[PDB]
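Only one chain is included here, represented as structure tokens and corresponding to the form deposited in one PDB entry.
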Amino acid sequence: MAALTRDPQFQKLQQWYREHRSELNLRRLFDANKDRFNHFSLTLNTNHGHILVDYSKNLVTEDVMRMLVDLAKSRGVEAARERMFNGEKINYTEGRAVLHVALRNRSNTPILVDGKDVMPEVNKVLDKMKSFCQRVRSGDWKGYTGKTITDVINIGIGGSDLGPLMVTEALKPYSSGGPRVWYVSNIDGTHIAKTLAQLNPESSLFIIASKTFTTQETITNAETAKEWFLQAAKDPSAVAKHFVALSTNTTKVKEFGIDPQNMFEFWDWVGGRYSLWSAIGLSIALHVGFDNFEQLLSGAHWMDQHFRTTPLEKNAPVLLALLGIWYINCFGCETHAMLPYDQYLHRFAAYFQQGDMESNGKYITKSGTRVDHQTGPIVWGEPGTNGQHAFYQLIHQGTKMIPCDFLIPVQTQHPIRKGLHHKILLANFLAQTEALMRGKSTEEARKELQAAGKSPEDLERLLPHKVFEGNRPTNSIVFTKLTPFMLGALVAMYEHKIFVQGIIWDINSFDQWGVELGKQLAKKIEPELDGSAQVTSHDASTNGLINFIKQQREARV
């Protein structure tokens, strides 16, 4: 019995689910209350665009929403929120604070950990990034044969990769006068090799992104990259003009060969999957400039305040969270789809796949007790409308309930054909949620078939296949425009959604022990791969696999 299954509010929610489940049909709910949208949507004015969070197409009623909020009061969301913002060490297994919110604390209101304000160091690195960006973008910083940097290569994996990648992709329109950026992460040699084959070492700046500076993929890639650079430059000292580091580890950085002046620092309280707001975002600032980088932080700060001062019942990240809890712990849905109707946000689903799953794919509570209820869902998605032709078929006519977040900006970065393309995009965005809610009844489909001139025969054989049972809930999140500021607010909104979920589940959203085992095991297998000798030191699958690898290494095809 974990804290969540023991919570009376939680119990009350389950009870209600058992009793009224059948009473939750959207088409009826929307026919019965013409004011639904007005009662179940949030309109937020940031002063830099609006955000509409329309949760009306969800399987909920006021009564449900009330209990969901009560669950949050009962699980202590506010108090937990304050501990985070006050620099308390809520990452209780690592003994750490969780301060991504300090990285964008534009107010500079002091935040203390161990009785010491962090804003100065935070601001000191921001000033370093900023100067460095100016110098690189303007051409003041030159390579070893005196050329300006045309290409910047972030080398990192996970948290030291996905954020900078997703954000430079989403804000590509703001990169005029920026060097190109490349993201190398996989250990798979293809990644580094097909990237290096497209660069001139003279004009390439490598950024080695690593919190620990010991991660195997990143270090090997860094080393590989350094070796290629020296093949061309030959002089160790040229490295200082082409390699810089984003890390917390001055020593490992000093030993890799990087100039201590070339290290942009962050802190143990900056989680990787929460790190783009820090020195890790360097590549973002190089690409779109430091002012736009400041705009991104600044949008996170805005959402940070909203999370902090808004009553739970109207609080955006809190509501997205609770709806998730409703669907995960009462309805049992394993997944959550994130579907941005925006090509620029093509890695947005993937970024939150890491952010959500790495934070809440947990099973041990603060008391050290195994949970007896679900935790985080599997998160996935592709941008619309492409998905409409790929997997929406199953979302519409399969056997899974899939809560979905539809997102879109009102204004496109590219209003071609007098806005016709955006017009269509918007139309599909609106249409797909309508359809998923509404469905199409036997009779509706029947009337369609009659009007089409089908025989009662062909009609009878086809009829049942054109029926949509509807009642698939979605959220619709609409924003004026996708600028650096608005993106920051959005990214921040899901983060805090994730936090809330985690406090409700009594888990630690900020550690990630789950990665160790494979690593340890990887280190064991590496030396076992060299040589022709068969391997018998594991379970028979691992050996068989290894022996097939050795045998096939020799095949000519």
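For every residue, the number given is its place in the sequence shown, counted from 1. We call the rigid core the largest set of C-alpha positions that still match within 1.5 Å between the two forms.
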Once average C-alpha B-factors are taken from the entry for 36-44 and 496-504, the winner is 36-44
Using only C-alpha atoms and the B-factors in the entry, which stretch averages higher, 355-363 or 169-177? 169-177
For the listed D458, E217, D161, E223, which has the peak Cα B-factor recorded in the PDB entry? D458
Between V113, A80, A349, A245, which carries the biggest CA temperature factor in the record? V113
Here the Cα B-factor of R273, set against its chain, lands in the third termed lowest
Would you mind checking where the Cα B-factor of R28 ranks among the modelled residues of its chain, as the lowest, middle or highest third? highest
Taking the chain's C-alpha temperature factors as the reference, tell me which third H421 falls into: lowest, middle or highest. middle
Within this chain's modelled residues, let me know which third the CA B factor of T61 belongs to: lowest, middle or highest. highest
Binned into thirds over the chain's modelled residues, the C-alpha B-factor of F256 lands in the highest
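What comes next is about the form deposited in another entry, which does not appear here.
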Just one of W380, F256, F264, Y344 has a CA that shifts 2 Å or more between this form and the one not shown on a core fit; which is it? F256
